[PDB]
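Report on the structure
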Amino acid sequence: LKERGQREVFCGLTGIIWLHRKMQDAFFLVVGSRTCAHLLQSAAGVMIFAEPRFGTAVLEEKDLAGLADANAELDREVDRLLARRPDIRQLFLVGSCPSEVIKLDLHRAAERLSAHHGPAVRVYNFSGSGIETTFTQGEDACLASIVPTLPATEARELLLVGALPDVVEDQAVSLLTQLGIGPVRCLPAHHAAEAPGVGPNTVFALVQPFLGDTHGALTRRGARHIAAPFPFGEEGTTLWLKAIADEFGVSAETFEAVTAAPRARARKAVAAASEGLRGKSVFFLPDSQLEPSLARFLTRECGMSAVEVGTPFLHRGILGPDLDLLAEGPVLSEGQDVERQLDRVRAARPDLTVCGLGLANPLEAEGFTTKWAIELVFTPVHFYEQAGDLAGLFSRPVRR
Amino acid sequence: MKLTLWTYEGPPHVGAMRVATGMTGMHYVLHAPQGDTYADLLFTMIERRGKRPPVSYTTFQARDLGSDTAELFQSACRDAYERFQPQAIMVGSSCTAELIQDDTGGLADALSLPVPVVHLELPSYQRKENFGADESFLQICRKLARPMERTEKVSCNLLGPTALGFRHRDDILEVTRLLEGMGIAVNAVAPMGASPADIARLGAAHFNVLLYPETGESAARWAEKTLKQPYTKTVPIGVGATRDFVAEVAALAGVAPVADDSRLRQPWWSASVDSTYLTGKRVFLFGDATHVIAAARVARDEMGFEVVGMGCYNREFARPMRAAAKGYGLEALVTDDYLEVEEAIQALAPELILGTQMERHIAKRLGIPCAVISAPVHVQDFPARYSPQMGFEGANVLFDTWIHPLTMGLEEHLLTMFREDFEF
Amino acid sequence: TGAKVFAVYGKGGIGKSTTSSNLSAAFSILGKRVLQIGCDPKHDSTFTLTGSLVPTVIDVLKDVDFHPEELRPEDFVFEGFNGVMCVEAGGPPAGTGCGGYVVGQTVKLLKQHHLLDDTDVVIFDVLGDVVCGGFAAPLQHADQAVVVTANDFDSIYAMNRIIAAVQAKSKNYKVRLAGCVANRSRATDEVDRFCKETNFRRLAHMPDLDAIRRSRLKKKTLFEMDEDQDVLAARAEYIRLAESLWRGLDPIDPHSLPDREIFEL
Amino acid sequence: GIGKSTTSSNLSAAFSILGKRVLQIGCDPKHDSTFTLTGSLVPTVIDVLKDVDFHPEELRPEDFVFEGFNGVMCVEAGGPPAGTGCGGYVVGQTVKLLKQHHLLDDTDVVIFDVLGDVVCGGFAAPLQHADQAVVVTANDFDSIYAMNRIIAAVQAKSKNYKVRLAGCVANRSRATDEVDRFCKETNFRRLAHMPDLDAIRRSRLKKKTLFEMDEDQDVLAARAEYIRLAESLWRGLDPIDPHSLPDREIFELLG
Ligand code: PMR
Ligand code: SF4
Ligand SMILES: [Cu+2]
C-alpha cells in the first residue's frame, strides 16, 4: 500500500545491527551490493569499529555473469572467515536485494556450508532484502531461520521470543519465575548452549511487536501464541504478565504480590514523564512496527491524543491483543508513500510526530516536535521497570 | 565477493545523490528498491540538511519486479515533476534496477518532460560514490551548460564542492573570500549551491577553479574543451598550497598575486618554541587523494612532521598519489580496506595517524593520537563552527586540529608522570 | 551513439592504415571532430597522424593493475595533425584468450572517460585481414563499415570475406557497409565489376602507389603535410570520401558472393 | 597474406616425389595456395559435409587425393563457413577441427602453408601440426612483422606438438636486404625464393608450378635450393634459433 510511492522503511538488514548484539556467537554474512554494504556501515554507525560480525561480502562484477561460480566463491570466503573467526558457531547468511535478483540459492548455499562445516558451525540462511522485508521484519526472518532447527520438545515450556537487552529479558524471566513456574527458553539464544526446546506444547511468548511471520513459523512446530497485549506500559506489560501467568496458571494473589513493587515502581515514573505528554496530538509514521503498541500505551497513559497510528505491516492475530486497548479514534491506515502521511502531518499539525529518521529532521525544521522510532529498538524500554523511561524518551519537550 | 566490513566509499548513486542534494531544485529521481532511501539519512543527519533531499526512490518490492518497475519509474518522474516541481531532473538506477534493466533514459524521454532531464548511466558494481558524483556532474554539465559570452568582469566557477563533503560548505566560503581578495569574482559555485540556471551560466566564466578534483575533474576537463576554460590544478590546502594557488589563479585571470595573509598564524604558531617536540614525529596520512597529498605537503614542510606512511583509497587518483609518495620517499597505499592500512600502521606505529574515521577508531584501538582530514566522517566531524580546510584560515584549522591529539598526549603523559612514582 | 562511428576494415597493411589516417585528416579539414582508433595490432595506425609510435592502451592498462580508473585522457590518447585525437589498441602478444579483448577494452576506456561523446568522426582502424570474434568486436558500435581493398583477387577475396563477416554482425545491428574503397591499385575495372556482381558500391580512390613514397612520406600524411602534384588529386579524392561519408549515401547492400563466382582466374 | 601459390607447390613437390605423396593441406580459404600442385584450383576440396554436420564419412577414407603432375595426389582446404564465434566456433572451432579427420594415418606427410595473419588467437591446435612444412613468409615490412608474430606464436607453442620449426623460407619477392638484417637480429635464415611469372602466369601455374612448367626453373634454378631445404638434406640442424622481437625492435626499419 505505497500507492507506487516512496516507502521510507529500511531493508530488513538493519535489524542485524541488534541481532548480532543478541546472539553473541552468531555471524551474519550479507551478500548485498555496495548499497547494502553502505547501509550496514551507516545504520550500524559505531558498530563497525569494534570487529562486528557484519560480513557484508559485496558481490562484484565477477559474481555477475555467472551463478555456480558465485556460490562456490561464497563457500570459499565463508571458509576463510571461519578461519579468521573460529569462535562462531552459527553463521547467518541473509538474503539481500542483489541476492534476490540474481537468484542466489541462499538455502542451498547454507546447506552445503553446513554440510562441509558440520555441527560445529550451524550456518543458517534467511531473507532480509528490501524487495521482501522492511526494517524489523529482518529480525523476524532471522529468528524464523533457527526455528525449525531448535530441538523439538513436547513438554510444556515457555519461549521468550524476543531480543530484549539482558536488563530487560532477565527481569522478565525473574518476574515470570516469581509468579509462574517459568520454563522460559529465550528463542534468541545468548549462546548456542541455551538451545530452546521449541515444540507443540512449548507455547511461545511473543514480546517484540514487529514479529509477524515468527508467529507462523513457531506455530508450525505447534508453539501457540498467547493473546497478550504487548509488554510496553502500565496496560501492555500488566496484561502481558497476566495472560502469560494464567496461560501457565497463577493465582491472582501471587500475581498481585509479584507485580506490586513493579506497579508502584512504574506508576510514579510514567506520571512524572507524562506531564510533558499531557493532552497533545501524536502522529506515528510507518518506520518500525511498534506503533500500535506505543499508541496503546502512550495515548491512554500519558494522554497523547492519537491522530494517526501508521504501520508499514499491519497484523490481525498478533496485534489484536494490544489492538483491543487501542482506541478507535486513531486512523489505522497502513504504510503509505511519504507524501501522503507527510501532507497529513502538515494539515493536522501534531505535537509529537514519531516517524522515520529521514523525516525526523525535516519535520523538526517544519515545526513538528519529532521522536524517531529508530531509537526505540536500541534503547531498553520494553518492560515494566523501563515504562517510565519510555515515556521520558517520548516526552522530548526541548525548549529552544 | 570480497568480504567488506567498512567500505570507504558508498555506491555511486550515493554520489549522484550528493550532487543533487548539494544544488537547489534538481530532483534526482531513482529506480531503487524499497529501503534504499537510507541514503537520505546521511544528508539529513550528518549534513543536517533541513529539507528532505530532492530525491524520489521508486521503492519497488516483491510485487514489483517486472514492467511494473517501469510503470513505477514513469509515475515517479511525472509525480516528481508536478509535486516536487524542479527546473532540472535526473534519472538512474541502483544496484537492483541496474540488474533489472528498465531503460531509465528511455522512460524519462517517454514522459518528455518540459524541464531538462539528465540521463545518468551509473555502473553500480565496479565504481564508487566519488565516481558517481563526478559522472553525475559531468552529465548535467553536458546537458545544461552551453557555451556563452564571457562575463565582462573576470570570473571563475568553483567546481567540486558537494553536499556531504568534508568541510565543503566552509571551504567554499574561504576560497570565495580569497578569490574576491585577489579580485576574481565567483561566477557560480557548482554543484554545492548552484541552480540549473547557474549551471546554464557556467560557461560565462573565464576559468573554472577545481576545489575538489574528486568530484570536479571530469567537469573541469569537459569544460576545458566545450567552454574553452582552463582550470587550476593546485587545491589550496595549507600555506604552501595556498601560495601556489594564489599565484596560479593570478596567472589565469591576469590580476596581481596579492592575497591578504593577516590571518595566517600557523607559520608563527608552528615555528614557536612550543612546537619543537613536533619536529620529526611520524605520521600516517590516509584518505582522500587530494586531501592526503596536500596534508603531506603541510606535514613535512610547514609543521616538521616526518611522514612515515601514506595511503589513499581513491583508486581513480592513484597516479598523483603514487607520484607524491615517491616525492616524500614513501610508498603509497592505494587500498580500499581497513585491514591493509591497519596492518600498515601497526608495522609503522606512527605517533600521529590521521585520516578517515577508521583511522581515528583503530588509532584509539591502538592507543595512538588520532586526527581527521579525509572524507568518510560522522555527524561530529561535520561541525557547526567555521572550520574551512583551504586558504589561510584553513591552514590554521589544520594546525590546531592536527596538534590537538599531540597536546592531549603530552598533557596526559605528564599527568601520568606526575603524582606517580615508586611506592618504596 | 553520438558520432559517425566509421569502421575501416579490409586486409592488412594495404591501404587500411593509410586510408584511415588520411581520411581522418580529411574530416579534420572538414572541421568535424575526428577519432582514429588503431585497433590493428601493429600499433602503427596512428603513427603518421602523430609522426610517432603511440603507447598502446594495453601498455598503460597493464602499467596499472588493469584498472581503467587510474588512467586518464592525455595519458593513453594522443593528439595528432589538425588536433585529431587518436588512440591505439595493442593486439595481444599471443596471450591466447581473445584477440580483440584489447580493442574491447579500448572501447570501454574511451566510453568511460567520455572520449567517445564529444567527437563527431570515429574511424575504427580495425584489422580487416582476419575474421575472428575480436576483429569485429568494435564492429558492434560501428555504423558505416568502410572496406578497403586492392585490385588483386586476393584482396578482393578478402573483401568478400569482410562482406560475409559484417553481414553476419549486422544480422543483429543496423551497421551499413559504406562502400568498397580501392587502395592505390591502378585500374579498378575488376574492382568495379566485382562490386557490380556483389551490387556493392565501388567507392572511388586514388590509383597511384607513390603519392607517398613510404611511411606516409616520413609520417607526413597527404593532408597532414604534403605538396606533391598527385597529392592534390588524391586530396580531392579523400575530401570526396569525407563528404560522401558525412552526408550519407545510398544503403548499398552487397550479397556475399561465393568464391567460385568471384573471378578465380 | 601472400598467395603462397608460388610456395606451396615449389617447396615439397620433390619431397612428394621422394617419399609418400604429400597431402598438402595448406590453409588457404581463397583456394590459391595448394592448387598449383594440382591441375586447377579445384574449389570442391570436399567442402560438402556429407556426414550430417560432420566431416564426410566421419574419417574420409582417402576419397579426395586430387592427383597432380609430379606425384601430388593431394587435397586442398580453406573455408570460412562458420564465420562467428570467439574462441569456440570459427577460429575457436576451425571447420577442419583436428587434422585427424583427414587420414593422417594413411597420408602421413602433410604440408602446412597457412597465410600467417596470427589467426585464431584462441584455438591454438592448428597451424602447428606436421614436421615437414611450416608457415611460409615473404619480404615486406608488414610481412616481416607478421612472421615475427608467427615466431612469438611457435615460441609460445614450444610445448605444443613437437615444435618442428626447422626455420622458414623468406620468399624473396625481390632483392630486399631488410630481411637479412632482420633475421640476423632474430638469428634466423632468409636464403632466397623469388616469385616471378607465378601470380601473373597463373593460367600455367594452375596445373604445373614453375619447376615443372616448361622447366621454368631452367633460367630460374631454385629446385636444388629446395633439395637442400626439403628432400634428402632436409636442413634439420637446429631450428635456426628463432627469436621474436617486440614492437619497437620490429621497427628496426623506418617502416
Ligand atoms: C542508515 C543510515 C543511518 C545512519 C546515518 C546511522 C547512524 C547514526 N544514526 Mg541511526 N543511522 C542510520 C539508521 C539507523 N540508525 C541506527 C542506529 C542508531 C542509534 C542507536 C542512534 C541513531 C542515530 C544516528 C546518527 C546521528 C547521531 C549519531 O551519530 O549517533 C547517526 C550518524 C542517533 C539518533 O537517531 O539521534 C540521536 C542515535 O542515537 N541511530 C539504526 C537502528 C538499528 C538504524 C537502522
Ligand atoms: S574468435 Fe578471435 S577473439 Fe575469440 S578467441 Fe578466437 S582469435 Fe580470440
Ligand atoms: Cu579531545
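Calculation rules
Residues numbered from 1 in each chain as written, not as in the entry; some residues may be left out. Chains lettered and ligands numbered in written order. Part of a larger assembly, values for the part shown. Heavy atoms only, no water. Residues with missing side-chain atoms left out of burial classes, pairs and counts. Helix = DSSP H or I, 4+ residues; strand = E, 2+ residues; numbered from the N terminus. Contact = heavy atoms within 4.5 Å. Pairing = 2+ DSSP bridges. Axes fitted to C-alpha atoms, helices over the stretch in contact; angles between N-to-C directions. Buried area = accessible area lost by both parts, 1.4 Å probe. Salt bridge = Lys/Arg side-chain N within 4 Å of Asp/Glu carboxyl O. Polar contact = N/O pair within 3.5 Å; in protein donor to acceptor, adjacent residues only side chain to side chain. Nonpolar A, V, L, I, M, F, W, Y, C, P; charged D, E, K, R; others polar. Near = heavy atom within 4 Å. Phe/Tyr/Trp six-rings, centres within 6.5 Å; stacked < 30°, edge-to-face > 60°. Buried < 20%, exposed > 50% of the residue type's maximum accessible area, 1.4 Å probe, protein only. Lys NZ or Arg CZ within 6 Å of the ring centre and 35° of its normal. UniProt positions renumbered as here; feature names shortened; annotations may be inferred. Expected span 1.5 Å × (residues − 1).

Regarding how it was determined, this PDB entry cites cryo-EM in its header, along with a resolution of 3.68 Å.

Attention now goes to the overall build of chain C. Looking only at helices and strands, chain C has nine helices and eight strands in total. Restricting to contacts in chain C with at least 6 residues of sequence separation, those with at least 24 account for 73%.

Our focus in this paragraph is the sheet that holds strand β5 (residues 184–186) of chain A. All names here are of chain A. Overall, parallel pairing links the three strands, which are arranged β5-β4-β6 in an open sheet. Unpaired on one side and paired on the other, β5 and β6 (204–206) mark the two borders of the sheet. Strand after strand, the sheet turns through a mean of 30° between neighbouring axes, direction not considered. In this sheet, β6 lies alongside strand β4 (residues 158–161) in parallel orientation, the contact comprising three bridges. Across the sheet, residue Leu159 finds its bridge partner in β6, namely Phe204.

With that settled, the discussion passes to the interface of chain C and chain B. Where interface size is given, it is often the accessible area lost as the parts come together that is meant. Counting from both sides, the interface comprises 15 residues of chain C and, opposite them, 16 residues of chain B. Both faces considered, chain C and chain B share a buried interface measuring about 1,300 Å² in area, 39% of it formed by carbon and sulfur atoms. Among the residues chain C hides against chain B, the three largest losses belong to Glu70(C), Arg72(C) and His114(C). Together they make up 45% of the total. Linking chain C with chain B are five salt bridges. Among the ionic pairs, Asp117(C) bridges to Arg142(B), the shortest N-O distance being 3.5 Å. Inspection of the chain C/chain B interface yields six residue pairs in polar contact. A breakdown of the residues in the side of chain C that touches chain B according to their chemical character gives two nonpolar, three polar and ten charged.

Another aspect to go through is the site of ligand 2. Close to ligand 2 lie 14 residues; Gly99(C), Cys132(C), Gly133(C), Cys86(D) and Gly121(D) are nearest. Per-site note: the chains with residues close to ligand 2 are chains C and D.

The subject of this paragraph is the site of ligand 1. The local shell around ligand 1 consists of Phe10(A), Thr14(A), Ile17(A), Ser42(A), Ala43(A), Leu357(A), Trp372(A), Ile374(A), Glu375(A), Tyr38(B), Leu41(B) and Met45(B). Chain contributions to the surroundings of ligand 1 come from chains A and B. Between ligand 1 and the protein, one listed contact pairs an oxygen atom with a side-chain N or O atom of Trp372(A) at 2.6 Å. Taking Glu375(A), its side chain carries an N or O atom lying 3.0 Å from an oxygen atom of ligand 1. Of all the elements in the fold, those that place two or more residues in the shell around ligand 1 are α2 (34–44) and α15 (374–378) of chain A together with α2 (39–46) of chain B. Of the residues belonging to the shell around ligand 1, the class tally is nine nonpolar, two polar and one charged.

Another aspect to go through is the interface of chain A and chain B. Taken residue by residue, the interface counts 59 residues in chain A and 56 residues in chain B. Together chain A and chain B conceal approximately 5,000 Å² of surface at their shared face, both sides included; 60% is due to carbon and sulfur atoms. Of all residues in chain A, the largest losses of buried area upon contact with chain B belong to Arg4(A), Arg34(A) and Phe49(A), amounting jointly to 17% of the total for that side. One can count four salt bridges joining chain A with chain B. Notably, a salt bridge pairs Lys51(B) with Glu366(A), separated by 2.7 Å at the nearest N-O pair. If you look at where chain A meets chain B, you find 18 residue pairs in polar contact.

Tallied over the entire structure, the rule returns 18 aromatic pairs over all chains. Ring centres 6.3 Å apart and planes at 10° place the aromatic pair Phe284(B) and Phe286(B) in the stacked group. The pair formed by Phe284(B) and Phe286(B) is uniform in burial state, with each residue classed as buried. A cation over an aromatic ring shows up here: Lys242(A) above the ring of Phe255(A), its NZ or CZ 4.9 Å from the ring centre. Between the NZ or CZ atom of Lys32(C) and the centre of the ring of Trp246(C), over which it lies, the distance is 5.4 Å.

Let us look at the arrangement of the chains. There are three pairs of chains in contact here; the most contacts are made by chains A and B. No interface is formed between chain A and chain C, the nearest pair of C-alpha atoms being 14 Å apart. For the non-touching pair chain B and chain D, the nearest C-alpha separation works out to 25 Å.

Residue and element names in this part refer to chain C. Looking at the element boundaries, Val126 is found in the loop between β5 (121–125) and β6 (144–149). By relative accessible area, which is 0% here, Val126 ends up buried. Distance from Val126 to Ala165, taken between C-alpha atoms, is 13 Å for residues 39 residues apart in sequence. If near-sequence neighbours (up to four positions away) are discounted, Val126 is found in contact with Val8, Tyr9, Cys39, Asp40, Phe135 and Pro138.

What follows covers the sheet that holds strand β5 (residues 185–186) of chain B. Residues and elements named next belong to chain B. The strand order across the open sheet formed by four strands is β5-β4-β6-β7, and the pairing between neighbours is parallel. For this open sheet the edge positions go to β5 and β7 (231–232), each flanked by a neighbour on one side alone. Strand direction decides the pairing type here: strand β6 (residues 207–210) and β7, joined by two bridges, are parallel. Following the sheet pairing, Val209 is matched in β7 by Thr232. Lying on the sheet, helix α9 (residues 213–226) is in contact with β4 (155–159), β6 and β7; it crosses β6 at an angle near 160°. Where helix α10 (residues 239–253) meets the sheet, its contacts fall on β6 and β7, and the angle it forms with β6 comes to roughly 170°.

Take the UniProt feature "binding site: ATP" in chain C next. All names here are of chain C. Residues given the UniProt feature "binding site: ATP" here are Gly13, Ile14, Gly15, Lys16, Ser17, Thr18, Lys42, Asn183, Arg184, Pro207, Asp208 and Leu209. Of the residues just listed, which span 197 residues, the most distant C-alpha pair is 24.7 Å apart, and they do not cluster in one region. Filtering out sequence-adjacent residues up to four positions away, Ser17 remains in contact with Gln36, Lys42, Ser45 and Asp125. Examined against the element boundaries, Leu209 turns out to sit in the loop between β8 (202–203) and α8 (215–219). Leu209 sits in the exposed class, given a relative accessible area of 55%.

Moving on, we get to α9(B). Residues and elements named next belong to chain B. Between its terminal C-alpha atoms α9 stretches 18 Å, which fits the 20 Å expected from 14 residues at 1.5 Å a residue. Of all the 14 residues making up α9, eleven are buried; the element is thus mostly covered by neighbouring parts of the structure. Of the positions making up α9, those classed as buried are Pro213, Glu214, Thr215, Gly216, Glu217, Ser218, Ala219, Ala220, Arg221, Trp222 and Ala223.

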